[PDB]
Structures are given as structure tokens and as C-alpha cells.
Number of protein chains: 8
Amino acid sequence: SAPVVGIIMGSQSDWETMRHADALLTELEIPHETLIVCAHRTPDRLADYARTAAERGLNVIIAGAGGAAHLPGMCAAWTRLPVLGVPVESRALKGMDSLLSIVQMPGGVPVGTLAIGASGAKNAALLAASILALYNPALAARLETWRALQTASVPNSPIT
Amino acid sequence: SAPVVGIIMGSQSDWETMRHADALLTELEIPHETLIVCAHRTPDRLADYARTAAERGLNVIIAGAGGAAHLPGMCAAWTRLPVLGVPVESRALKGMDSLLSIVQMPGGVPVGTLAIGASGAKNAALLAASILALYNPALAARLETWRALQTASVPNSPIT
Amino acid sequence: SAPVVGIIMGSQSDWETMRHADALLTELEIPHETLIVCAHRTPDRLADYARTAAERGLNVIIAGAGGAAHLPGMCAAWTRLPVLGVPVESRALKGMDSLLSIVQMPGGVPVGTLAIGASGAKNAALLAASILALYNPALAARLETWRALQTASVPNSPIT
Amino acid sequence: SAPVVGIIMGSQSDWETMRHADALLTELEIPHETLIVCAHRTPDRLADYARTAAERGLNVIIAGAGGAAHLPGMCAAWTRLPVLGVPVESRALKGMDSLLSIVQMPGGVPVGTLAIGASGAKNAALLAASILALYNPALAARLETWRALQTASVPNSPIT
Amino acid sequence: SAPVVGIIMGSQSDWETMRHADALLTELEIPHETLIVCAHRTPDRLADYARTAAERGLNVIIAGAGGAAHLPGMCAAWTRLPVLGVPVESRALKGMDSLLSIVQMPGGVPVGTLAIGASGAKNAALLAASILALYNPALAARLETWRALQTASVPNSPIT
Amino acid sequence: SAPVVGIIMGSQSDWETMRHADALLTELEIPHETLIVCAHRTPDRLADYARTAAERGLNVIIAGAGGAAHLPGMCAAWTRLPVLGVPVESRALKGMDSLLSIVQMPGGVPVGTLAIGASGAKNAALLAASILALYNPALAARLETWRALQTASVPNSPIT
Amino acid sequence: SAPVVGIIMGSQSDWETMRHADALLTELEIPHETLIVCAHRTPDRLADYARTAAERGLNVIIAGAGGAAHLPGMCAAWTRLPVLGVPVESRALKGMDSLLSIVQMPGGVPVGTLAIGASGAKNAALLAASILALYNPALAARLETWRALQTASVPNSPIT
Amino acid sequence: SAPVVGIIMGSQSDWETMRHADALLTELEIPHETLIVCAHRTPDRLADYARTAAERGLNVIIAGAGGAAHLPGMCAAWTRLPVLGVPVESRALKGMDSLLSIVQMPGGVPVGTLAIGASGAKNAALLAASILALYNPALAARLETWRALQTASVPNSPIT
Ligand SMILES: [Cl-]
Ligand SMILES: [Cl-]
Ligand SMILES: [Cl-]
Ligand SMILES: [Cl-]
């Protein structure tokens, strides 16, 4: 069926991180698309992607980028849809540049930001799912089952 | 009308920041409740608030805290609703402690984090609006008007 | 005999760090328990653990967590017992997120925080021992012997 | 009555912060002494203070310092009593130098570290109280009352 | 005369900083335009400004922004002209977010970044002048005079 | 033909980073020279290099250094030419010392600073090319072709 | 008497900090000179000052600067005298840029670095005194008196 | 002959760094001693070492430590001799805790601080040599020869 979440990232090297978002949406049976869109090298591609997202039926955009990470913020500038941002870990500054470049958006143009790295990618997918679950009772039930299994699966003591 | 967004904050001192979220929801005519809930000083109040949020009809929770800011994360631990986190600027570390203790959530329990301070409070309310707009056409139109006015009102040159 | 110290951690991956606390309590013949309790994935488990700790005869809780590290702080919210916090080293931010998330507790709910990593785990055990030694003369004598041996064992010059 | 807690600080300028520890111990009626002891300017005063603390009847030492804050760590070097460290906010680096120079102790000589500033001073006194409460039933009851009042006094909504 | 340098900034609040660039270009008699252009609130205004800059006769663009400062980078995405970036000091993080989000550009789309604040604004105008001076002899002479006066005017001893 | 760009660096160990600047100038057929000049070990060599650069026909200087990185700044003190600075990644502080040592120049003596590491070296070359392209139509055409190919070469989706 | 210590600083604004070095040398009756020398705006003045320091009879140089603080390091490049560096507190980054750009010198050209701000200025003068005291018995006695008075004058308890 | 420089460090693991100081003193034929002295585990050893250093004929102390690095500062508290501090690189925080713990000494008790790691150890030795060279003409000549060879040995271009 048509995608309701869009996962976008600046480059192939981002995929090692963003694949965890993709996996989780697939696990929760959320139809989505996964694309490369680079804010600095393909800025017109980004403009077109973001401003047509709503009319294309997307409900949430998950965007990942590292370094001077402008992809989530510029996506949000062109869409009214909620945009979730994943800071990709950078080589020198370990994602601190990614984090600050994404989370520190000015008032008026939001990006809901998740943790640096794979955890943030997973949680962007989960946050997107909790948003969609507000209107989709079947997904809401799957998400509840997922959260309940997570809780039940935590062991009671460590292995030495 | 029954609140569909809950704004919670750790203390009265957070209100200077979180009032910007409250004002924005009011401007967009989003029914909401605005409460003090402290993860450390009132942990049972928090548990009850978060675990009953969904059955009370809340759709999104906005949570603001500073320092070792645990309020958004522990709220997300007890609800399947989307939780948006606002790092409140702390005295010594200028909200960097607030930011890291909110954004760096483990995979499995997300918090959509906004900028440190008033800007983040305003954006949490806007992000909450964009989530609700997915399934409220009248609100989607008002949000569209809000973003259009923001864009159109930016001056073309500085005043000296 | 019944445990007087509880060592808790969010996950198996924390054990590589927290095992040093366990080893030291065993060395000093301090009866203890070692458990996994995750603040975000098992928040009700945490609530029950912390609020029954005193009646179960625990005297000190040592809690380790990394990233948005909320386990020590939320433990302290539910118990009047002293809670000692160990920041576990995180991948991207090297435990700085862990450290700030733990040490920056608001006035009214304390967590005595130790160094990032294995050193902090060892010192949490030693700090717990110095607390217990205030009422336990045999342990006080063992601790004094331990500190004295540490001092006597420092070499006078390096090996080239 | 003879002091069971010693509060020491590097200088008069630290008092603005450490007075919060003094006030809390007084509120809980914990006999204590409040002194200036500087690791760098009065190192022999420090050596004598710390090495005689236990035989003088002290149970816990609370030590506050800023900058290259060596007072808590060197105090712990000379006593087997639990030492709690308060990072005082420094002018330039806002207590980040204070924090790192206190919390990052080597394994073998612990300092239980609290938050930067007044909050950390208050919490050091509370942590000291929770330690003493383990073997003083009357004090344990007063601490229970203190925490219960803290929890109950948190307002339910912000004042505008 | 037609502008050969464009100074753009995200908002009126940036003017306190960017006015130093404007004053310097005026002092050196470099024809320029000074405009407000916001990457997030006016992204289409930015796209148009940057993509037409060269055909409008601009030679250098100076762009100032704070927080998640995306203005210089997105400007460079759409022009082949040299873009110089001025990190504006932000309230919470003192321009460290501004700095990292401007300087850490991916290979392929450069931004020549100057210091945080007024100094960086002044230097962006001076750097723009040194670029134009390469092919404007009269301006090169005025810049030489400017640097010579700067050097010669430094006092030999402090005034008390 | 005679060099119009000078690439300088403090040591052989900088070459692993600065070679990317060299490669890009060669790709764009920009005549250049590549030298070692160390601000601290050969300060008179630096003084002579920088103050004769313009008369030798250089148009732009690209300077790379790490740690207490003073080579770009001191180069700029002695020339009126535009100086572009590349922070070389340092072992302990990952180039943060390099970055701050270079970008934070006082008003009056500019250094256009690029990203930490290989990306910054590549972009210094590209920034130098965009400066030269202002007066050199053939190079301007090559640069435009280069930017256009960069944009066209970005893939549309990632490889799993 | 001829100066044996040179105090140099980048600008008049540094004097608020460096006056503490000047006052201390005067108190200890160490003949000195106090001058403005800026690495970036007056690089030839710096070269001449540093290379002639030893033949002019100077024994120690104290150098203060903020931001990209290159003054101490470039001074050490041109003299074999010990150079002591004072990081002056900068507006945005609170002297962290000053600190890193001074302390992180390459092996081969040392700068003995003191604390950010007035404390570092005072300590640079004291460190210079302790160096001169090695071969001036009268000064060694005055320094001994100074340190003894410092130690003895520390109060025993805070004033409320 | 009797040692005139003392190199001290907290542990064997510091030797990997401090060996570079030792090597350089030996190269310059400066008689020295090299010892382990740990501020926290052997505080009385430190007190005795530092307060007898001058009467034992030492002229300069070089002290290295990592983490909460108190060895240089506490050494300086007990001696009037110049004390040079080397921040040893720490595992989690890469020596930033070491650096701040050492350099941020309060006014009145100086530590001349060098770079994090091997470079700082080498430069502590060189700084110690420049201090001793003020009174020792033969060493002064060796140091000048050493500095001159360093300068002459810098290559003119990199190897590809
Ligand atoms: Cl804003
Ligand atoms: Cl508080
Ligand atoms: Cl300036
Ligand atoms: Cl001070």
C-alpha cells in the first residue's frame, strides 16, 4: 500500500544508522519509503520531496544526517507534517555537531529529535508509530503488544 | 472541551519557559491541560499521570524539565502516546545537562526532543499541533495559516 | 545472610562495568544482591524495587546506567536510602551524557555520583562500604586494612 | 552535642553555595561543624582535619570547592569516612572544571559527588542525613517527614 | 553602484551582530545589499536569493545565523559564489551550536566560517574585501591602508 | 604555470588530511604549490612565506594545522590575501582544539575556516576555486560542471 | 632597575585581567615591563619583542590573550626563555577557546599555561617569581613570606 | 650528580606518557629523578616529597596525572619550587578532566600546565630546561643548539 512514513538520509553512509528505522517500521507493518535526499548536494530534490510529501499521502518524515546536519530542519521548513530528526554519529565530534545542528531549531519550525546513532533511528520509527497509532487502532494494538513484549523481555539479573 | 494535549513541567520555575507552549496551543485553539509534575519529587504523581493519559483522551504529552531532566523520559516509559521533551535552561550548564538527559533515550522508549528553552517550548506545541493536524482538518487549516503567516511576516531588511 | 547492598543496572551491557562493584563488595564480605532493573523498559519493576528496599533490609543502593541515565535518580525518588550512581560509558558521548544525567539531581533528591566507568563502579562499592562501616566495627576493620594495603602497595618508581 | 558531620569549603566565596548544606543539617537537627579548609592554600590544615575526623566522632564529611577542586578528593585520601563532594560554580567554566575535578576519582578513593551549585550543597546534606538515618531512628523519622513534605508540597499547576 | 556583496541574516535579532559587517563594507566603500533571509521560515526566499546571486552580479555572500544555523550552508548549496558564514551568539549555548552547524559542512559544498559574534561579522566583511581586492586594484589599496592603520594604531602599553 | 594557490601545513602528519585539498586543485586544473611551514618550529619561514605570497603571485592560501593550531592565523597576520584554514583532527581532542584555535580570530585578521579533517581540506580547495572563478571564466565553467556533476551523482535510494 | 620579566598582552581589554600579574610582580618587587603586543595585528612587533627578549635581560615572559590566543605560543617560537601563558576569558566561549589555543602546544615549543582569567594572571606572576627565586636568595625569602602569609591568613570559618 | 629536576606520576600507566619527559632531560644532560607518587593513595608520601624537594636540591618538579588529576596541584601546595603539570590522557574524557583538574588552580598556588599527552610531557622537560638554562650557561648553549636543530630539521615539503 502507499507509504505513510518517509525515511530520508543524506548519503549511503547514513544507511548503517537509518536501516534500524526501516527495520522497525517493517516490523510494525507500517508502509514506508526509504530514499537518499542530500540537503547540500541536492537542495532542489529536497525542496520537491518535502513540499509534496503531504499531498503524496505521507504522514511523518524521518530524516537522518551527520555533521552540519541540515536535512531534517530544511525538510521541516517545507512541510507542515511532523518531521523527526536522527543525528548520525560523525567521525571527529561523535555526533555532537549532528545533534546541535538538528535539535536547536528556532521557534516556529520544529524537528522532534532523537538520540545520536542507531538508538535514535529505532526511536524515530517508534515515535512515528505512536503518532500513527493515534488514528489507526490496529497499529495501536500492535504497538501496545510491542511495548509489552519489550517490558516482559527484560531479564531479572545479569549473566556473569 | 476535553484536553488532547498535556503540558507538564517539573516546577514553577519551568513555567517561564513552558508558558510559550501553553500560549501556542491556545492560539491554535487546541484544548489542553497545563500541570506541574516532577519526576523526582512526585514520582507516583508522574506514574499515575502518564499511565492514565491515553484513557483520559490525551493524544500528545509535552514535558519540560532542566538539570537531570528525567520527566519526559519517565513519562514515555509509562505511556504509548508520543512524548515531546523540552530541555529547560539550567543555571550552571545552560541546558546542556537538560538536553543530554532528555534526548539520549535508549532504543525502545522514544522522546521527541526540541531546542533548549522558550524556542523548544513553542516548537513542542507546534509539533504537537502537526501531529493532531493529521486527523483534524479544521486544525490542519489553522496550522497552515499559522505557518503561512510566519513565513510572510519575515521582514526583507533589518531596521537600524 | 540477607543483602544490605543492592547493585542494580539497566541491562546486561552494563554488567561489564558494574561487575567491579560486585567484586569489591564480595572482597569486603558485604552481603549484596545484583539485579537488572531498567528505568525506561521496566519502570514499575523499578518503583517496586526502590520503595521496598528499606523494608527488605537494604542499606545502600548502587545503580549504574548510561546515556539518558535515569535509573539512579528515579531509584532515589522512591527510597529514603542513600543511592550511589555509576555513569556507564556511552558509545558516542563517552559517558558525558551518563554523568550529567546522574549527577545534576535537583535539591531534595540526592544521588552520590562516582566516576565514569569501572573506576566509578569500584568506588561506589567502596563508598557503600565506608557507609556501612560506620555501624559495623568488623567491616570497619576490614576496610581500614584494605585502604592500608592499597597505600602500601603503590610502587616507588616506574618500570621502564 | 558533638558534630557528626563536617562541612568544609575552600574559601569564604564558597559559603554562598555551602550555606545551603549548613541550613539543611540545622533543619534536620544534625549536629555539625562548618569550617574553611583549602587544599592548596592550607594543605596541612586539610591533612590534620581529615586524618583526625573519625577519632573526633565525625561520620560524614561534606566538602565544597570550585575550579581545580581538589578539596573533596584529598580529604578522602586521608580518611576512611564517606566524603561527599560539592562542585562550586566557577566564574569562567560554570562549574564544569569543579565537577570533573571532583567526580573523576581513581578507583580506591571514592568521593560521592552531587550537582554543581546550591542544589548539590543541599543534596550533600540530605545524602549525609540518609547515611546517618541508617543507625539513628529518630533522625530517620525526621528525614521521612522532610521527604514527605517535599513531595506533598509540590503544586499541581503553575501560577501565572 | 550595483552590490557585489550580499549580507543576509536570519532575523532582526541577528542585526546587532551583522551590522559590524555592514559597517566595514561601507568603510571600505564596497557596494553591498543587507537583507533578512531565513532558511527555515523563508526557505523559498533563500532558494531564490542564492540561485540568482551570481546573475545579479554578486561576488561574495556573507550569511549570519544562530542556533541550528542553516542559512550559510543552504545558501552555498544553491550558489557557486563563495559563501562566508558568521555564527551568531545564541542565548543558551553561546554560539557553539551556531559554530558547529555552520563550519562542519560536507566535502563538496564549502562555507568559509568566521568567529562567533561581532568579530566574525567584521572578519567576514574583511575576508570578502580581500577576495574582491584580488581583481580590484583601488580596493586592494584601501584594504592595504585599512590593515596598515590597524597595525599602526595598536598602543604600546596599557592605560590604567 | 606559476602557482596561484599555496597549500601549507605544519608537518608531514598533516599531509594525510591536506592531500585532499591538493587533489581537488589538480582536478580543477588550478596551479598551486604545496609546502611544509610550521608556525612554532619555523616562525621566520612562515613570516617570509606569508609576506611575499602576494608579490609571488599567489591569490589564496590554504593552511592546515592541528592542536594549538596557529599556522592559518599567523599566515593571515602577514598577508592581505584571503587565508583559508583547515583544522586537522588531533588525537586527544578530536580537532576541537584545532577548530577553536583557527576559527576564533579577532576582528581585523580573518581566517575563513572549514570543517575538521578531510572534508575541510576538500572544501578549502573548493572555496579557493570559487574565489578564483570570480575572475577566471574557464575555471568558472569547470567549477560549474563539477558542482552539477556532484548533484547529478547523488543516488536516489540506499543500497541494503 | 632593568626588567627581568616581561608582561605582554594582546589588547587594552586584556588589561582588566593582566593587571593582576602586574600587581603581584610589584608586590614582590620584581622589576618588570608591561606592554601591549598582538600576535595578529602586530606580528612584527611580536617577532622583535620575543627574539630580543634574552639579550635585553628578560628572564621570563608572561603573555595573555583570548579567543584564538596565539600570543604566548608565537612568543615561545622566537625565544628560548620560559614563556607562561594566561588564557583571557572570551565573551562567547568563556576562555575555553583561549585555553585550548594556548595549552595544546606541539612538542618542542613549550608554554606553561595558567588558569583562565585573573587567577591565571596572578599565578603566572607567582610562577615567574618561583623561577627567579631559584637564583635570587632575597626574592626567594620574599616569596616564602608571601606564601606563608597566604596560608596563615585563610580564615577558619565562614562569616554569615 | 644530584638531581635538579623531579619527575613524578601517580602510577605505572602514566609512564607511557611521562617517559618522554625523562628522555628529553637525559638528552639535554639534566640530572633528574623519576618516581611514582600518588596523591590519593599515598598522600603522606606526596606531602613529604614536595615539602623536602627544595632542601634536597631540586629546582623544578614535573608532575603527571590523569582523570581527577590532583598530583601537580597538591605538589605545588607544599613547595615553593616551580611545578609543571602534565595532563595524562584519560580513557573516557580524553584528558579533558585531566587538563581542567590541573590548569584551573586558584590564584596563589601555580601549576604551569602543558598539553594533554606525550607532547605535554616533552614540553614539560623543555620548559624545565629553559628555567634551568637561566643560571646554567652550558645547558643554555645545549638548549639553543637543540632549538636550532629542531628548526633546521623541518622539511620544506611533504612526501606523497
Ligand atoms: Cl527563535
Ligand atoms: Cl533545584
Ligand atoms: Cl576582537
Ligand atoms: Cl581564586
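A, B, ... follow the sequence lines: proteins, then strands. Residue 1 opens every chain. Side-chain atoms are counted along with the backbone in the values below, which use heavy atoms only and exclude waters and symmetry mates.
The two atoms that bring C:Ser98 and C:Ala65 nearest to each other are CB-O, 3.9 Å, heavy atoms only.
Of the atoms belonging to D:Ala77, it is backbone heavy atoms, and not side-chain ones, that fall under 4.5 Å from chain C. Only the backbone of D:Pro106 comes within less than 4.5 Å of a heavy atom of chain C; no side-chain atom from C-beta onward does. Only the side chain of C:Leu99 has a heavy atom closer than 4.5 Å to any heavy atom of chain D. Looking at D:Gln150, only its side chain comes within 4.5 Å of chain C, counting heavy atoms on both sides. Neither the backbone nor the side chain of D:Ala124 comes within less than 4.5 Å of any heavy atom of chain C. For a residue to count as touching a neighbouring chain, one of its non-hydrogen atoms must lie under 4.5 Å from one of that chain's; by this rule D:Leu126 touches chain C with backbone and side chain alike. Contacts between C:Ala128 and chain D at a heavy-atom distance below 4.5 Å are absent for every atom of the residue. With a threshold of 4.5 angstrom between heavy atoms, C:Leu100 approaches chain D through side-chain atoms but not through N, CA, C or O. At a 4.5 Å heavy-atom cutoff, the contact between C:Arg80 and chain D is made by backbone and side-chain atoms alike. For D:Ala21, no part lies near chain C; criterion is any non-hydrogen pair under 4.5 Å. Only the backbone of C:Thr79 comes within contact range of chain D, with heavy atoms under 4.5 Å apart. Contact of C:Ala125 with chain D is not made at all, since no heavy-atom distance falls under 4.5 Å.
Checking side-chain atoms of D:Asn59 against main-chain N and O of D:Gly57 turns up a donor-acceptor pair under 3.5 Å. In this structure, the side chain of D:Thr42 does not engage the main chain of D:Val37 through any donor-acceptor pair within 3.5 Å. Put simply, the side chain of D:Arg51 never gets that close to the backbone of D:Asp48: no donor and acceptor are under 3.5 Å apart. A donor-acceptor distance shorter than 3.5 angstrom exists from the side chain of C:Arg142 to the backbone of C:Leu28, with no hydrogens or angles considered. At distances below 3.5 Å, not a single donor-acceptor pair connects side-chain atoms of D:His20 with backbone N or O atoms of D:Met18.
When D:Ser119, D:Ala129, D:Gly112, D:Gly108 are compared by the number of non-hydrogen pairs under 4.5 Å with chain C, D:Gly108 comes out ahead. Chain C forms the most heavy-atom pairs under 4.5 Å with one residue out of D:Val103, D:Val83, D:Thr151, and that residue is D:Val103. Of the residues considered (D:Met105, D:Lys122, D:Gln104), D:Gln104 shows the highest number of contacts with chain C, using heavy-atom pairs under 4.5 Å. Heavy-atom pairs under 4.5 Å with chain C were tallied for D:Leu84, D:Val111, D:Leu24, D:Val60; the largest tally goes to D:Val111. Between chain C and the options D:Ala115, D:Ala54, D:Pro110, the largest number of non-hydrogen pairs under 4.5 Å is found for D:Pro110. Ranked by heavy-atom pairs under 4.5 Å with chain C, the list D:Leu143, D:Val109, D:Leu81, D:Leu132 is led by D:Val109.
The side-chain heavy atoms of D:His32 and D:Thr26, taken from C-beta on, include a pair separated by under 4.5 Å. Considering only heavy atoms from C-beta on, D:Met9 stays 4.5 Å or farther from D:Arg19 through its side chain.
More than 12 heavy-atom neighbours from other residues, nucleotides or ligands sit within 6.0 angstrom of OH on D:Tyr135. Counted within 6.0 Å of CZ on C:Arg91, heavy atoms from surrounding residues, nucleotides or ligands total 12 or fewer; the atom is thus considered open.
Separation of atoms SG (D:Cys75) and CD1 (D:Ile8) is listed at 4.0 Å; rounding is to 0.5 Å.
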